[PDB]
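Here the structure comes first, spelled out in structure tokens, and everything after it is commentary.
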Amino acid sequence: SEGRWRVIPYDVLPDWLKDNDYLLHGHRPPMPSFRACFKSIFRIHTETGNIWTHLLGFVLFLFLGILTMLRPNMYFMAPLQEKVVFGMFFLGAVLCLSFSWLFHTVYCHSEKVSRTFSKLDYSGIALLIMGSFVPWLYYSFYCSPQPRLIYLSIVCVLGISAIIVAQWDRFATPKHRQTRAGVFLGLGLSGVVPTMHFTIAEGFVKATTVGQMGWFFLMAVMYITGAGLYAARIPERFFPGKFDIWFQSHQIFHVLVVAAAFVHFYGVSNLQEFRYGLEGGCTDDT
Amino acid sequence: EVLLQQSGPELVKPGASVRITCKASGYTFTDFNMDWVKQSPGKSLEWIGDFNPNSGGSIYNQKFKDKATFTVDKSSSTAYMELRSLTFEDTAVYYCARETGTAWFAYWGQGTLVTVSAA
Amino acid sequence: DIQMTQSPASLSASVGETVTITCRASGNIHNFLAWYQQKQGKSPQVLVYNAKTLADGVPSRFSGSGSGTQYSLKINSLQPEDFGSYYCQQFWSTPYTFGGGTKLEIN
Ligand SMILES: [Zn+2]
């Protein structure tokens, strides 16, 4: 009978918990106990779905990660390089989803705890992007070492920079958040150059379907749709107070992140099989 | 702003059963629990118990198990406490205090003085 | 039943000086603590909740700190209207309990 708490409306929330105006009732009150925060996972409030979505997604991708790391070395041509190349993706996805549900659980703890776990959440998003670009770059430029190393270095530089700019303090000033968006913008848009490079180095038609670039376009559209649903905060923008617990904008963005990471894995795996069975050579027919 | 108005003073005889009222204004009545506090003269505070007006439930301290009884009027948005079998140790100021999410009290009533003496 | 032991019984200071009131809980209340002020005849008013959160409207000279079983309310630049009895309460375990209180006089 300890750690009792009820939900509260949006009006009586502290400033550091007023991060969405269209969620009227059902908010957790500030509770400076990790025990109560973790216990609240099994209770209904505004953050229940946002916790469970990426909790299940983390379990799912951890399952896929270790299971794929157990695939025997026979099925891979270069097992060591290709497995660490896949380990980057599965690690970044696991860390991203773990940081996400951890932040959403301890979100009501205190201002500083929510602050630090918010930074971890942004760093997790950057890690997921870097992880997603490691195996795609490997299996798209597997016969071209120079551009693979170049694009990998650019993405890693912008990813590391994205993590660092969002972790250290004194950059929370109004005029440094511009470069906060700038580094993440260079990170996000860094995939346009190698995509067209791949679509030009080989035929557009062979890359559209058998090159699995339509699946990369599918996940990109889903990522942009999720970011738009997030910034607009719909459907709760038009029906305020009706999507408090379920089907808020943040929950469908979490689901879209999971689905986009899954279709990325499927598109990469088809880029694998098409590259194992076919292609590889350059200038000889015989 | 939230306001909690309590009933006026009470002078009763040993064995009587008095009731304290607590009218709440300025907020949605069912949104928060409401606790009751006793303060005997020249002493510290004592938590009598809390009342959930959403479920109409209540939890009582062991030291006030049979003496306190909480009731509600969700229509008039007014919570009541009842003290029966009053003895001389019950002469005290009784407050109603509203919680927010956890059990810290930001809003209090003005207090009701219950005095007990035969005459 | 967690027992809250407040300290001291009473203390005095002059305007502008700093005072500190300590509170020890017989068990861990996990920062579920509140500090209240009560002037003579008046009802108590909340000063701090969640161990270190300043309540809305409270002057900045009040500040709560501590954790586990040890907590402290500090008052900078004492003001004449700061006299009265200060109380602590734990709202972690039921039944919720209060400290013995601390009487504060100003000279
Ligand atoms: Zn999230």
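Convention: chains lettered A, B, ... in structure tokens order; per-chain residue numbering from 1; ligands numbered from 1 as shown.
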What residues in chain B get the DSSP label strand (DSSP E)? Please answer as a VMD selection string. chain B and resid 3 to 6 10 to 12 18 to 25 34 to 39 46 to 52 57 to 60 68 to 73 78 to 83 92 to 98 107 to 108 112 to 116
Let me have all residues with an atom within 10 Å of ligand 1, counting only C-alpha atoms and all ligand atoms, laid out as an mmCIF file with C-alpha atoms, in the first residue's frame.
data_model
loop_
_atom_site.group_PDB
_atom_site.id
_atom_site.type_symbol
_atom_site.label_atom_id
_atom_site.label_comp_id
_atom_site.auth_asym_id
_atom_site.auth_seq_id
_atom_site.Cartn_x
_atom_site.Cartn_y
_atom_site.Cartn_z
ATOM 1 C CA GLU A 47 2.450 6.970 -21.393
ATOM 2 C CA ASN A 50 4.373 4.586 -25.574
ATOM 3 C CA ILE A 51 6.122 2.317 -23.061
ATOM 4 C CA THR A 53 5.146 -0.381 -27.920
ATOM 5 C CA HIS A 54 8.929 -0.005 -27.769
ATOM 6 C CA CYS A 96 17.233 3.035 -29.468
ATOM 7 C CA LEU A 97 14.170 1.100 -28.310
ATOM 8 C CA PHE A 99 16.381 4.195 -24.321
ATOM 9 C CA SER A 100 12.899 5.013 -25.616
ATOM 10 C CA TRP A 101 10.864 2.891 -23.210
ATOM 11 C CA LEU A 102 13.230 3.697 -20.334
ATOM 12 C CA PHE A 103 12.700 7.432 -20.872
ATOM 13 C CA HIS A 104 8.923 7.030 -21.144
ATOM 14 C CA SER A 118 15.330 12.575 -22.901
ATOM 15 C CA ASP A 121 16.262 9.027 -26.234
ATOM 16 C CA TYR A 122 17.547 11.432 -28.893
ATOM 17 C CA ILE A 125 17.374 7.739 -32.467
ATOM 18 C CA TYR A 230 4.559 13.643 -34.498
ATOM 19 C CA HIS A 250 3.496 9.494 -30.239
ATOM 20 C CA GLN A 251 2.199 5.909 -30.185
ATOM 21 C CA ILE A 252 1.695 5.669 -33.952
ATOM 22 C CA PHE A 253 5.164 7.170 -34.400
ATOM 23 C CA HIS A 254 6.583 4.435 -32.162
ATOM 24 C CA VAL A 257 9.611 3.357 -36.080
#
May I have a table of the residues of chain C lying at most 9 Å from chain B, giving each one's closest pair of atoms and their distance in Å to one decimal, counting only C-alpha atoms, ordered by chain and ascending residue number, as a tab-separated table?
residue	atom	partner	partner_atom	distance
C:32	CA	B:102	CA	8.2
C:33	CA	B:104	CA	7.8
C:34	CA	B:104	CA	6.2
C:36	CA	B:105	CA	8.9
C:42	CA	B:110	CA	7.2
C:43	CA	B:110	CA	5.8
C:44	CA	B:108	CA	7.3
C:45	CA	B:106	CA	7.0
C:46	CA	B:106	CA	5.6
C:47	CA	B:106	CA	8.7
C:49	CA	B:104	CA	6.5
C:50	CA	B:104	CA	8.2
C:55	CA	B:106	CA	8.2
C:87	CA	B:44	CA	8.1
C:89	CA	B:104	CA	8.2
C:90	CA	B:104	CA	8.4
C:91	CA	B:103	CA	5.4
C:92	CA	B:103	CA	8.1
C:94	CA	B:61	CA	7.8
C:95	CA	B:61	CA	5.6
C:96	CA	B:47	CA	6.0
C:97	CA	B:47	CA	6.3
C:98	CA	B:45	CA	6.1
C:99	CA	B:44	CA	7.3
C:100	CA	B:44	CA	5.6
C:101	CA	B:44	CA	6.2
Set the cut-off to 6 Å and count only C-alpha atoms: what are the residues of chain C that reach chain A? Output as an mmCIF file with C-alpha atoms, in the first residue's frame.
data_model
loop_
_atom_site.group_PDB
_atom_site.id
_atom_site.type_symbol
_atom_site.label_atom_id
_atom_site.label_comp_id
_atom_site.auth_asym_id
_atom_site.auth_seq_id
_atom_site.Cartn_x
_atom_site.Cartn_y
_atom_site.Cartn_z
ATOM 1 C CA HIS C 30 11.661 7.491 -1.355
ATOM 2 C CA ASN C 31 11.510 11.315 -1.550
ATOM 3 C CA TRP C 92 5.053 7.118 0.798
ATOM 4 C CA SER C 93 3.606 4.498 3.169
#
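Atom pair CA of residue 237 (chain A) / CA of residue 107 (chain A) has a distance of 22.0 Å (rounded to one decimal).
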Could you give me, as a VMD selection string, the residues within 6 Å of region 27-33 of chain B, counting only C-alpha atoms and dropping anything in the same chain fewer than 2 positions from it? chain B and resid 25 51 to 54 77 99 to 100
If you count only C-alpha atoms, which residues fall within 6 Å of region 65-72 of chain C, apart from same-chain ones fewer than 4 positions away, as a VMD selection string? chain C and resid 21 to 25 28 30 to 31 51 to 52
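The gap separating CA of residue 217 (chain A) from CA of residue 197 (chain A) is 14.7 Å, in Å to one decimal.
Across C:60, C:106, C:15, C:27, the tightest approach to residue 2 (chain C) is made by C:27 when counting only C-alpha atoms.
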One-decimal distance in Å that lies between CA of residue 119 (chain A) and CA of residue 247 (chain A):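 Taking CA of residue 247 (chain A) and CA of residue 119 (chain A), their separation equals 24.6 Å.
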Which residue gives the smallest distance to chain A among B:2, B:19, B:78, B:119, with only C-alpha atoms counted?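 Looking only at the distances to chain A, the closest residue turns out to be B:2.
Considering the residues B:18, B:81, B:72, B:34 and counting only C-alpha atoms, chain A has its shortest atom-to-atom contact with B:34.
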Apply DSSP to the backbone of this structure and, from region 60-240 of chain A, keep only the residues in alpha helix (DSSP H); write these as a ChimeraX atom specification. /A:60-69,79-105,111-140,145-165,177-188,192-201,204-208,213-232
Nearest to chain B by atom-to-atom distance, counting only C-alpha atoms, from A:93, A:62, A:156, A:13: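 Going through A:93, A:62, A:156, A:13 one by one, the smallest distance to chain B is for A:13.
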